[PDB]
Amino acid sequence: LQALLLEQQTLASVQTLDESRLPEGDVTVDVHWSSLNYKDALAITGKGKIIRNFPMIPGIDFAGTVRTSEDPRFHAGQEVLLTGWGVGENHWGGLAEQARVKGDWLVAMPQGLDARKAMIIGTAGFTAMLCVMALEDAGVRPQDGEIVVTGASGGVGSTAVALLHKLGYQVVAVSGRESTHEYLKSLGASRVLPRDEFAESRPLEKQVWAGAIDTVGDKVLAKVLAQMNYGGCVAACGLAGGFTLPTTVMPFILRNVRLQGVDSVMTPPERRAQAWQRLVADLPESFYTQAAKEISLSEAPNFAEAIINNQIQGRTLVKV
């Protein structure tokens, strides 16, 4: 099998690997499509620290066809996808012709999706949906008020804007780059605020948001919390602005606000399948037709460098 292998000598190169070297697992998948998520781009370039164990095949997402299975519920030829579970990080992942994983980690290809579309959605889309579902579990409906999405030009934020807009919510996108203002309104944002206004905050500010999907954390998350309506919910899933959360208890104890953390890496199979079904029903068709860059494994190093310095618009997909 061909695979982009990361070694610490980080040298990223395409290599031929014996089937016996694949990690332990009861399902082997013939990968047809993977991706270069931001996590994968850091991994490949040697920046960040998402990878402790080498050698490593990156790709936190993949989709393709089941080759072999000892897991009763998966059969040869069945299309499946996978995101998360440490795959591409501490377990050989998607940037390879084959991946061996636990069956509990896979998702049966939902009706209405295929391998390519599933990788277009990705971890980013999966996470966005889980955030939207969190808002719904908290009772946040379209009639309750405006929903703010932070880091709205990134994968997660962008998809959250379209999901929310499709579902009837009035969305306010928060973006740091003035160059995305127009694109975000195309997706469904009624207004766009700069990230610079979401910095220092008092413990409580004027109540403006019914709900929020935050991808940035740090001070932006702190500001949004102090701006939450009574009984509002923030779904938090990222740390692009910093991993700390310098907030107070006041939104919580005086405004009954819920901070619901949303992990995508280890989400249980039931919740996970539920989210993929929801993505099929709620993602508009215009979301799938977006231009994606398809690359071979051998181009992943150069394209990884481009994604890091920010030279790419939209999805980089890997056709394997």
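Numbers for residues come from their place in the sequence shown, where the first is 1.
Gap check for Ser20 to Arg21: zero deposited residues are absent from the model. Stretches 134-142 and 72-80 differ in mean CA B factor, with 72-80 having the higher one. Checked against the record, the higher mean CA B factor of 100-108 and 181-189 lies with 181-189. Across the options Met56, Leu279, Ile50, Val31, the residue with the most elevated CA B-factor in the record is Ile50.
The PDB entry gives the largest Cα B-factor of the residues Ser286, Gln260, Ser264, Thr65 to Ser286. For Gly46, the recorded CA temperature factor ranks within the highest third of the chain's modelled residues.
Ranked within its chain, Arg202 lands in the highest third, by CA B factor from the PDB record. For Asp196, the recorded CA B-factor ranks within the highest third of the chain. Only modelled residues enter the ranking. Sort the chain's modelled residues by C-alpha temperature factor and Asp26 lands in the highest third, per the entry. Ranked within its chain, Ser175 lands in the highest third, by CA B factor from the PDB record.
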